[PDB]
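Heads up: the sequence shown is residues 10 to 67, 69 to 659, going by the deposited numbering.
Note that the Cβ used here is the ideal one computed from N, Cα and C, for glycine as well.
Remarks on the structure that follows.
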Amino acid sequence: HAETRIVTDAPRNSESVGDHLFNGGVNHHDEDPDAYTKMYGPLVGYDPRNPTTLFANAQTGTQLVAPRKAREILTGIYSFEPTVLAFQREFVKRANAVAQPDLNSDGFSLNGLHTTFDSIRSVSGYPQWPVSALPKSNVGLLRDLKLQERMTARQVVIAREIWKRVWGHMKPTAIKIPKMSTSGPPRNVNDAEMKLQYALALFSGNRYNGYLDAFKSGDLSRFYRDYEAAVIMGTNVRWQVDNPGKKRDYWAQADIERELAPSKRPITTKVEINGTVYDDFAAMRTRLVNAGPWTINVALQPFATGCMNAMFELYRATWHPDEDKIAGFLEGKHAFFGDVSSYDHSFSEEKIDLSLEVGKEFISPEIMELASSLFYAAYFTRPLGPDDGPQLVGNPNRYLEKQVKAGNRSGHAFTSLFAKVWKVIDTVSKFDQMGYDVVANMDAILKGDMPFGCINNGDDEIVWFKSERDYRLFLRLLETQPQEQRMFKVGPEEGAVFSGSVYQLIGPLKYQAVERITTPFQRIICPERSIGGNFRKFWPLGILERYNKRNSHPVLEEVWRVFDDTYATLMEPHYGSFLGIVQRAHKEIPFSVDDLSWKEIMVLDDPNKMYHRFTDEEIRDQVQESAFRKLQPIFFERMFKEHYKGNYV
Ligand SMILES: [Mg+2]
Numbered sequence: 010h011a012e013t014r015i016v017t018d019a020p021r022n023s024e025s026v027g028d029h030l031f032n033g034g035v036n037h038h039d040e041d042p043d044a045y046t047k048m049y050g051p052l053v054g055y056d057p058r059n060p061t062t063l064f065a066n067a069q070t071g072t073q074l075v076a077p078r079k080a081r082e083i084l085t086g087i088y089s090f091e092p093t094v095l096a097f098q099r100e101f102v103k104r105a106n107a108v109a110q111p112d113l114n115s116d117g118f119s120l121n122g123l124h125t126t127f128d129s130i131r132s133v134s135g136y137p138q139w140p141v142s143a144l145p146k147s148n149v150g151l152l153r154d155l156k157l158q159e160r161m162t163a164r165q166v167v168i169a170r171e172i173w174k175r176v177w178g179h180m181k182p183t184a185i186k187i188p189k190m191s192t193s194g195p196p197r198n199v200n201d202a203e204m205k206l207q208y209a210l211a212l213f214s215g216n217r218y219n220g221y222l223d224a225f226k227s228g229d230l231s232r233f234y235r236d237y238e239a240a241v242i243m244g245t246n247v248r249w250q251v252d253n254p255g256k257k258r259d260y261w262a263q264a265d266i267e268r269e270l271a272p273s274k275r276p277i278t279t280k281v282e283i284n285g286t287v288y289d290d291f292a293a294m295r296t297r298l299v300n301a302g303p304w305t306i307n308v309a310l311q312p313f314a315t316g317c318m319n320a321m322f323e324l325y326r327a328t329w330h331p332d333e334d335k336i337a338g339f340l341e342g343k344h345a346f347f348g349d350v351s352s353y354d355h356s357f358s359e360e361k362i363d364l365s366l367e368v369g370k371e372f373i374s375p376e377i378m379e380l381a382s383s384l385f386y387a388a389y390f391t392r393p394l395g396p397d398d399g400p401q402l403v404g405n406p407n408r409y410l411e412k413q414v415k416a417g418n419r420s421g422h423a424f425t426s427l428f429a430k431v432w433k434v435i436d437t438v439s440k441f442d443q444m445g446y447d448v449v450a451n452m453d454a455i456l457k458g459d460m461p462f463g464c465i466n467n468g469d470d471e472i473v474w475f476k477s478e479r480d481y482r483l484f485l486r487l488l489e490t491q492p493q494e495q496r497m498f499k500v501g502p503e504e505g506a507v508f509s510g511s512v513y514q515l516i517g518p519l520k521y522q523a524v525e526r527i528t529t530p531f532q533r534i535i536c537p538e539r540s541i542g543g544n545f546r547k548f549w550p551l552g553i554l555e556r557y558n559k560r561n562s563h564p565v566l567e568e569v570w571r572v573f574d575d576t577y578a579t580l581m582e583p584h585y586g587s588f589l590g591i592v593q594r595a596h597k598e599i600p601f602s603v604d605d606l607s608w609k610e611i612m613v614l615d616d617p618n619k620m621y622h623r624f625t626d627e628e629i630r631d632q633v634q635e636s637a638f639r640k641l642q643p644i645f646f647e648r649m650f651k652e653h654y655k656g657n658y659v
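In structure tokens form, the structure reads like this:
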């Protein structure tokens with residue numbers, strides 16, 4: 010067949026997906042063009058006069075995006091209970107007494123500890139409100155961050171060279187289809203079987219071409235009707251423990267319609283649990299995250315993952331070094347651990363557009379414009395504070411025009427790729443400001459065969475130098491960088507942390523990796539999510555892994571001593587033994603703490619690390635399958651043959 014539509018004229022819900030499960034071998038949708046149409050139901054229908062109904066069958071209307079609701083931190087222990095709060099008080103005070111952060115002027119910890127334990131007096135499930143909204147424009151943020159208005163000529167050349175190498179190489183890799191997250195509109199279900207069947211549809215017959223024709227027409231009704239697609243972001247919230255004494259502000263929902271780049275209001279949330287003020291406790295910090303619909307992202311992800319997998323291979327020293335060897339690598343080398351403020355939101359419009367423009371050299375233009383549509387899409391959010399209502403920001407009916415300019419948009423197939431590449435572009439520009447010819451020597455820099463380079467994990471980076479004069483001029487360059495050179499607001503990172511571990515300065519140019527000592531106790535005592543449920547099915551593993559290496563560092567060992575003793579006195583009599591709780595749940599999960607590598611345990615705690623930190627080769631199938639369905643490259647080879655002109659790696 011040669012059908013161009015995913016949704017044909019066939020009668021809907023006339024077949025059952027249970028009768029056409031995918032066997033890894035043949036794409037049934039090749040044999041039957043009406044199959045996707047028949048196995049799923051009629052859509053509600055898109056009325057351009059009220060686009061929010063895209064999200065109607067999903069959490070609805072008025073429920074807050076971040077409700078105040080106590081977490082189950084451990085089996086039978088809930089975060090709003092006084093006993094817990096009293097425990098947190100005593101633990102933090104005891105842990106502070108046993109260890110204080112010993113930092114030098116460069117920002118390195120000499121003892122391993124980089125901060126106090128005060129943040130563990132945070133009440134999980136009790137959010138700072140309002141959750142800060144996304145303004146229609148970010149130019150006020152660029153101006154507040156005193157960043158460049160545009161890139162310099164040389165920076166545009168450097169960016170073109172690096173993106174040429176990234177878009178120009180692809181290592182075809184399975185599309186990862188997430189099991190536990192929403193498809194977003196129009197179906198708004200957490201159904202990886204549907205997401206997979208949709209993918210088989212898009213990549214069978216002439217559906218991808220048909221999808222793009224509909225996309226580029228600008229006829230939202232047609233694109234929705236025939237491909238169950240609409241260019242619009244839904245909204246989520248991520249929770250984390252806040253840092254004492256940082257400026258806590260937010261963009262109000264009421265302000266974002268009044269001007270494009272409104273100023274920020276102060277968060278004033280206090281912790282009061284049924285009329286009892288906890289003046290020494292913090293509410294959880296909340297951050298708005300967008301999430302793109304599967305039916306938009308599925309068309310972009312092959313390129314995203316293909317380009318990134320090739321990038322990890324061709325330029326491993328920059329983008330995918332053996333994490334366990336980093337400390338040994340930096341030995342005898344000077345190191346700058348960068349810290350970036352509002353990285354992703356601070357991406358200029360020019361930078362997003364340049365990325366997609368260079369991509370058109372290697373990928374069909376309609377695919378890059380689709381990507382451009384999602385980066386700049388309208389979004390719908392449920393209330394962000396208790397006084398707000400639901401809100402559509404932007405006009406999705408005009409999706410071919412830019413609606414929201416929010417930099418490297420969260421929820422986009424390209425988000426991690428963009429994070430990774432632009433941080434290197436920034437840093438390599440600095441190498442060029444130092445008087446080296448980065449264009450001539452670009453591959454050697456990226457492969458790590460020059461006297462200096464950078465080790466990247468998105469906004470987190472290590473810039474390394476064999477020479478002390480290079481290192482010093484680099485620091486000088488940052489202290490004296492004029493605004494027109496300033497791509498991102500970068501400063502040195504207190505504690506010198508990279509990918510979760512403090513790089514302890516144990517001797518002259520000798521570093522030692524230790525996981526941030528606060529992390530274990532934050533993740534237990536102040537979790538983003540309750541144990542179990544959707545995202546925390548494997549929760550005993552992360553705890554037991556950490557507990558089993560408690561003796562591996564002197565400060566870690568003493569803090570764990572204070573956790574155990576304090577838990578034993580203040581918690582155990584009410585809730586039972588800590589290890590009792592952790593081991594009983596341990597025995598319920600399919601993997602032992604000893605069955606798994608540290609990398610596999612991280613993926614089980616955050617599956618999205620499969621999209622940016624680990625490859626298929628490092629994580630066993632049984633672990634990946636816990637969170638993902640997959641569609642192997644052969645099933646979208648045809649699409650690539652037509653739409654990709656780069657090199658296969
Ligand atoms: Mg860092």
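Going by beta carbon distance, what residues of the same chain come within less than 6 angstroms of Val251, once the five residues before and after it are set aside? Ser129, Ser132, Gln532 and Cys536
Residue 682: buried (16+ other C-beta within 10 angstroms of its C-beta) or exposed? Nothing can be reported for residue 682, as the shown portion of the chain is limited to 10 through 659.
CB-CB length for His622 against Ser426, believed under 8 angstroms: 4 angstroms
Terminal residues of the continuous alpha helix (DSSP H) containing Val613? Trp608 to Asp615
When the Cα of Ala184 is compared with those of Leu210, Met204 and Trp549, which residue comes out closest? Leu210
Counting pairs of Cβ atoms below 8 angstroms between the stretch 216 to 236 and the stretch 166 to 181, do you hit three or more? no
Pick from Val569, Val448, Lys415 and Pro196 that is closest to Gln110, judged by C-alpha positions: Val569
Does the pairing of the stretch 138 to 153 with the stretch 378 to 397 give three or more beta-carbon distances under 8 angstroms? yes
When DSSP labels each residue in this structure, what does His124 get in the three-state scheme? coil
Under 8 angstroms by Cβ, that's how I've got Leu206 and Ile187 pegged, so tell me the actual separation to the nearest angstrom. 5 angstroms
Can you tell me where the alpha helix (DSSP H) holding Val592 begins and where it ends? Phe588 to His596
Whether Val75 touches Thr62 by CB criterion (8 angstroms): no
Does the distance from the C-beta atom of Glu525 to that of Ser511 stay below 8 angstroms? yes
Determine, using beta carbons only, whether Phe441 and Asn467 come nearer to each other than 8 angstroms. no
Could you give the first and the last residue of the continuous beta strand (DSSP E) run that contains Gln98? It is not in any beta strand (DSSP E) - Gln98 instead sits in the alpha helix (DSSP H) that spans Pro92 to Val108.
Do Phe313 and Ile373 have their beta-carbon atoms positioned less than 8 angstroms apart in this structure? yes
State buried or exposed for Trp474, treating a residue as buried only when at least 16 other CB atoms are found within 10 Å of its CB. buried
Rounded Cβ spacing between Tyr353 and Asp469 (contact assumed at less than 8 angstroms): 4 angstroms
Meets three-Cβ-pair contact criterion under 8 angstroms: the stretch 280 to 297 and the stretch 245 to 260: yes
Along the chain, where does the alpha helix (DSSP H) containing residue 68 start, and where does it finish? Absent from the coordinates is residue 68, which sits in the stretch where the chain moves from 67 straight to 69.
Three-way DSSP call (helix, strand, coil) for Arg21 in this model: coil
List the endpoints of the continuous beta strand (DSSP E) containing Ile516. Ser511 to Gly517
Of the choices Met190, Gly505 and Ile277, whose alpha-carbon is the least far from that of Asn618? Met190
Fully enclosed by the stretch 339 to 392, which alpha helix (DSSP H) runs are 4 residues long or longer? 359 to 369 and 375 to 385
Proximity to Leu340 [Cα-Cα], best of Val308, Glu269, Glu471 and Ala105: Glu471
Rounded to the nearest angstrom, how far is the Cβ of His584 from that of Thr85, given a contact under 8 angstroms? Not a contact, Cβ separation roughly 13 angstroms.
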